[PDB]
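Below: the structure, in C-alpha cells.
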Protein chains: 2
Amino acid sequence: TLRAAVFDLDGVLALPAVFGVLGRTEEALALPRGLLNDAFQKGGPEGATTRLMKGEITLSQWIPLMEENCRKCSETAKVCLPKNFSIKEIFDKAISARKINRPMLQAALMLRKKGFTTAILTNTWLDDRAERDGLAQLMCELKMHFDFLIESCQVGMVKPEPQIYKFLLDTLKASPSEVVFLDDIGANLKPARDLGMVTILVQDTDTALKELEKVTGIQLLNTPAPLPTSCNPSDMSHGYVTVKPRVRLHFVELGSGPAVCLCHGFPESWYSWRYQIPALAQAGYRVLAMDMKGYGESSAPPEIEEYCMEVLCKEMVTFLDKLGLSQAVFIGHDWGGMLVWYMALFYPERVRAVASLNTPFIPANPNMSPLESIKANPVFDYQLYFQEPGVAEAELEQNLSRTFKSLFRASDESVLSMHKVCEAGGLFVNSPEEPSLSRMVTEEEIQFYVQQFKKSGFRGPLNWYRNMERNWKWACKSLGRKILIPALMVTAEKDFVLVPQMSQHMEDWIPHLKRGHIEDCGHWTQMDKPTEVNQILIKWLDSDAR
Amino acid sequence: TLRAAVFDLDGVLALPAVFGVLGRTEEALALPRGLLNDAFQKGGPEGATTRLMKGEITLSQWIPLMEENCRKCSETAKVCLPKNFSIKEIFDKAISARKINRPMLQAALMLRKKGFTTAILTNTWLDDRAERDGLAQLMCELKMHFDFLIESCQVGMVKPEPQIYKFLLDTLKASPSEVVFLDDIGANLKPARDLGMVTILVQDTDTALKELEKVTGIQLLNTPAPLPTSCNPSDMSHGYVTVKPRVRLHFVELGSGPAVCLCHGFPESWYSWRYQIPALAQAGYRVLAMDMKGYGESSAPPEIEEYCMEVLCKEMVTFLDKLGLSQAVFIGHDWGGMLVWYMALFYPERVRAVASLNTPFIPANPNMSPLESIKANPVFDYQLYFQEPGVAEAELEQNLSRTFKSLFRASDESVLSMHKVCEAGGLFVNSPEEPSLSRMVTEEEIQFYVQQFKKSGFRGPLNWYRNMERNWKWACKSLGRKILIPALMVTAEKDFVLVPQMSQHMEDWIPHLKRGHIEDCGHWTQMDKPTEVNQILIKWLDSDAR
Ligand SMILES: CCCc1nc(-c2cccnc2)c[nH]c1=O
Ligand SMILES: CCCc1nc(-c2cccnc2)c[nH]c1=O
C-alpha cells in the first residue's frame, strides 16, 4: 500500500523538457536527427554530462565540452554546424521556456494533503550561468511543496545508477512497494521497477495522472479548484521592530521586490493574510504581514489613546524608518483599510500605492459629531456596544474558540445578528455555545487565533473603536486634500457592515481610483475568497505599484 | 549655555535650495527678475503656498494654483511665459538636484555626539508626485541623525508664525537661550532671535559653521574624518527563521534592493558589521546581518558535527528558502569568509555574487590530511589549541570582558602572541588581566559582545574549527570545479594569520576574481578600517551585483 510519491523534474514537474528542445533545435537548424542528443550523452557514464549531473563540474565548465562533442559528432556525420551555433544560447532559451507543470504539482499537493510523503528526484547540474536566477526561482517555488528534494549534483550519484534509488528509499524511510515513481525517461524508471516500486512512464500529464489516481485510489484529475498556498506560522521569517520605548511591532516577512505592507482588521492577525503571503511573494513582492498594535506578538498598551489613527500612522512611519524603507505599498482590510487610507492622506511620500479591502474612504463630516453619524446607521450598533471599557472584553474573552468560530463565518453561515447588540446586551446572546466549524476555516486555524489572543486579549483591539472624536478631529485637517497616488478599492458584495454602496462617492476624493469587486463575499474577504483577492491584488500591483 | 541645535532643511541641511532654482529658471528663460518667486509667495499667509506648507493641500493640488499665480504675475508684468512652461518639470528637477549638505550634517552629528539635542525644523509639503520617493529617501537618510523632525505640513503651522517656535521650544524641553537656530531665510530667523535664541544666517556653509563653532565652543570645522554611521541594537529590525526543529537563525535587517547576506567570523556577532549595515542600506541594498549558528540570538546546539561546512551551508540555503529569496550576495569575514566561498562552490544558483574579507579560497589537498597542513604553518597553532573540547571554552569564558578586550585590537596594539599557544597553554597566558581599551572599540561595544556571549558561550563558536576532516572530505568533491560567478577577495595587510600572500593562487580557481586591498589593517577588518571596507564593497556591489 502506497504512502510515498516521487516525481522527476524535467518532463514531469516542469515543461517543456530540456531534451525536447535539443530535438526542436536539430529540426529548426535542419541538422541530422539526434546529432545534439548524441553529443549531449557522449561517453555515457564516462562523459562530460555524467560529470556535470554528478557535480564534478558546473554548467559553465560543461558548455565548452558540449561544443567539442557537437563538433566531433558533426565531423562523423559528414555535416557542418551553422556560423552562429551556440550551446549557451540553446540552453539559456530552453531553461527560460521551462515552466511548472501546474496539474502535476496540483496532483503532488493533493497526495501530500492525503498523508503521502512526496519527493522530487532529479538529474540536475550546478548552475553558475549569469541567468541562473530563473532556474533558482523555479526550484524555490517547486521545492517548498515537497518533503524532499534529491539532486544528482548534490548527492554525487545519477539516475539510472542503482545507488540513487537506494539513497531515495532511505531518505523516504519506505520500502520499495510503498513508492510510486514518475519519470519521462523509461531507462530511469527501470531500476525503480526492478526494486519493486510502482512506476509511471510520463508522456502526457493526463494519462500519467489517470495511472497515478488508479494506483493510489485518490482523485487527482477533475478535482475542485484548489485554495491558494497557505502559511505554516513556524516556517515563516518573524520580524520585530521597537517603534517607541514600550511599543514593539511584529511582522511575518516573505519574498523580494517592492515592499507590500499588509494591515489586518478587527479582531484579526498577520495570519488573516495566510492565503495572500505566498501568492504575493511568488508575484515578485517583499511581503510584510503585520500584527497590528494590540495584536499577537505586537505590544498591547492599555491606554485608549495609544490606538487613535494619528498615533498608529506615526508608528507605521517609524516602522518604515527602522527597516530602512522609504516606501511600501499599503494594503488594508477593515480597521487596517481605514489606517491605509490615512497613511495615503498624511504620508503620501511613504506610500507607493494604497489598497483597501471592504473599507471605503469617507471624508469626516465637520458639521456632525462621529457618535451622531454611527447612531444614524443600524448596522453600526455593535460599535456603540464596543464603547464602554470592559463589557465587550468580557464577552469576547470568555470563550476564545466560541468567539472566533462565531465571527469567522461566510455570508450563508451567520450565527450573529449585529443590530440591537446593545439592546440584546451582547454579540453572542443568540449564538450557540459550541458553533459549528465554518467552511472558511479548519479547527487548527481557529486554534492559532485562540493562542494569539491569549497574550493580550481584546482591550488593545477594542481601543481602535474607542477614538471616534480623536480620529474625527485629526481627519478634519485632511478635508482640503485629495488622494492622488495609485489607489485600489475592493468591495465585497455580502459584507453587511462595510457595504459596497458606502464606497460610491470615493471618486470625488480619489479621482484616479481603481476598483475590484468580489461577488458572494462576506466581511472576511481574504479567507472567504482568497483566489479572487489574489488575482485582484496581483493584477493591480503589476500595473500600478511595480 | 547651549544644549540644543536646530537646522532648517532647504538651503541648510540640503543643497541647492529650491528657492534658488526659481531664480535660476527666471534667468534661463529670460523672465522678469523675481516673477516666479513672486508667483510662489503670492497672497502670503492667505496664499496657495501657505496652505500647502500648512498641510491643507498636497503638492499635486498646489501645481495648478502656482500655474495660475505665474499667469497672473506675467499679465501684470506685461510679459509672456514660454510655450512649454511647466511648474511640475521645474520642481521635479529642483527636488531631484537637491542633495544633503554633508559638512552641515557632519557638524549636526558632532553636536549630538557631544550631548546636544538636535532637530530639523522645516517648511515642507505633503508630496504626492509620481517621483516623491527621491524626497522620501532624502528625509529618511537625514531624519535618523536627529532627535526631532518638525514639519510645517504635519503641525499645521509655518515659519515665520510665532507658534511653530513655541512648539519647537516645547518639543526640545529647552528655554530659548539654550538653542542655536540655523536658517538661510532672515525672516524665519527673526522670531527665534526675538524669543532670545542664538541664530545664524546661513549663506555659505563654512561661515555658518565658523559662527556655530564660536558659539558652541565645539570644533566642527577642520575635524578628523568621521567614522561611518554605526548601529544601535535596540533600534534595528530583528528577524528569526527556524531552519530545522532545533535550529533558529537570527539576523538584523535594513534597507531595500538586492539581498546582501553578511557572515561574521570567530568569535564575533551580527554587530561586527555595525559600520557596514547603514552604509550598504544607503547604497540601495537589503542587508541581512547574521548571527551565525552558535552565536548571539541564533541557536547553539552542542554537537561538533552541527558546525561542519556542509550542514552550515545547507542551513543558509533553508534560510533563503524560508525568507522567499532565490538569491543573496554573500559577504563573509574569517569563518564567514570560508562559508561564503563554499556557498559559491555548492550553491552557485543561490549566490548572486560572493565576497570575502581576509579569508582566501584555497582548494583542499586530497594528498594531505588537514591536520598535517595546519601543523605546517606556525601561525595556525591556536587552531590546534581549539581542538580539545572544553579547554579553549574554559579560558575564553572565564572573563568575557578580558576575552574581547584582548582579541579586538588593531595591528599596533596586540597583547596576544599566537604561535606556541599550545606550548604556553593558552591564548591569554602573557596577556593582562585588565587590558586597555583598543582604539577600534568603546567600552559599550565590548559590553554588547559580553552580553551576547553570556547565552551560549564558546562551545558552538569553537566547533566551527573542529570539523577539519569532515570539511576536507566535503571540499574534495568540489576539486574539479571553478568559481565563475562574480567574486571579490579583500586582503588586509597586517592580518598575521590570514596573510595577503595566502590568496595569491586564487585566480587559478576563480579566473574572473576582483580584488580589494586594505593597508594598515589587521584581522578585525570591518571595525579596523570601516570607511575603506564600505568603499570597496559599495563599488564592487554597484559594478558586479546590481
Ligand atoms: C453577518 C455578519 C458577518 C459580518 N461581520 C462583520 C464584523 C464582525 C465583527 C467585526 N467587524 C465586522 C461585518 N460585516 C458582516 O457582514
Ligand atoms: C596579532 C593578533 C591579531 C590577530 N588575531 C587573529 C585571530 C584571533 C582570534 C581568532 N581568529 C583570528 C588573526 N590574525 C591576527 O593578526
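In order, the residues displayed for chain A correspond to 2-547 in Swiss-Prot numbering, which applies throughout.
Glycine is no exception: its Cβ is also placed from the backbone N, Cα and C atoms.
What Swiss-Prot says about this one:
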type     : residues       : note
ACT_SITE : A:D335         : active site, nucleophile
ACT_SITE : A:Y466         : active site, proton donor
ACT_SITE : A:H524         : active site, proton acceptor
BINDING  : A:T123, A:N124 : phosphate binding site
BINDING  : A:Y383         : substrate binding site
DOMAIN   : A:259-531      : domain 'AB hydrolase-1'
LIPID    : A:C522         : S-(15-deoxy-Delta12,14-prostaglandin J2-9-yl)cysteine
MOD_RES  : A:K43          : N6-acetyllysine
MOD_RES  : A:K55          : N6-succinyllysine
MOD_RES  : A:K191         : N6-acetyllysine
MOD_RES  : A:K215         : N6-acetyllysine
MOD_RES  : A:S370         : phosphoserine
MOD_RES  : A:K421         : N6-succinyllysine
MOD_RES  : A:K455         : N6-succinyllysine
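Shown on the structure are the features that Swiss-Prot records.
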| residue | record | DSSP (3 states) |
| --- | --- | --- |
| A:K43 | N6-acetyllysine | coil |
| A:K55 | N6-succinyllysine | helix |
| A:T123 | phosphate binding site | strand |
| A:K215 | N6-acetyllysine | helix |
| A:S370 | phosphoserine | coil |
| A:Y383 | substrate binding site | helix |
| A:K421 | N6-succinyllysine | coil |
| A:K455 | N6-succinyllysine | coil |
| A:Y466 | active site, proton donor | coil |
- Message: Among A:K43, A:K215, A:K421, the modified residues in question, whose Cβ has the most other Cβ atoms within 10 Å in this structure?
- Response: A:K43
- Message: Using other CB atoms within 10 angstroms as the count, which residue among the recorded positions A:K55, A:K191, A:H524 scores least?
- Response: A:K191
- Taking each of the recorded positions A:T123, A:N124, A:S370 in turn and counting other Cβ atoms within 10 Å of its Cβ, which one has the fewest? A:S370
- Message: Checking proximity to ligand 1 here: which recorded positions out of A:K421, A:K455, A:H524 have their Cβ closer than 6 Å to it?
- Response: A:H524
- Note on the structure: Listed recorded positions A:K191, A:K215, A:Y466, A:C522, A:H524; those within 10 A of the residue listed as 'active site, nucleophile', CA to CA, turn out to be A:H524
- Message: Near A:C522 (S-(15-deoxy-Delta12,14-prostaglandin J2-9-yl)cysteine) in space, meaning Cα within 10 angstroms, which of the binding-site residues do we find among A:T123, A:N124, A:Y383?
- Response: none
- Task: Quick one: pull the CA-CA distance for the residue listed as 'substrate binding site' versus A:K421 (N6-succinyllysine), whole Å only.
- Result: 8
- Item | Lowest local Cβ density (other Cβ within 10 Å) among recorded positions: A:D335, A:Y383, A:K455, A:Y466, A:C522 | A:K455
- Item | Whole-number Å value for how far A:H524 (active site, proton acceptor) lies from A:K455 (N6-succinyllysine) (Cα to Cα) | 24
- Query: Where A:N124 (phosphate binding site) and A:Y466 (active site, proton donor) are concerned, what is their Cα separation in Å, rounded?
  - Reply: 58
- Task: Give the distance between the Cα atoms of A:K421 (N6-succinyllysine) and the residue listed as 'active site, proton acceptor', rounded to the nearest whole Å.
- Result: 19
- Message: Give me the CA-CA distance between A:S370 (phosphoserine) and the residue listed as 'active site, proton donor', in Å, as a whole number.
- Response: 15
- Cα of A:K43 (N6-acetyllysine) to Cα of the residue listed as 'active site, proton donor', in Å and rounded, measures 72
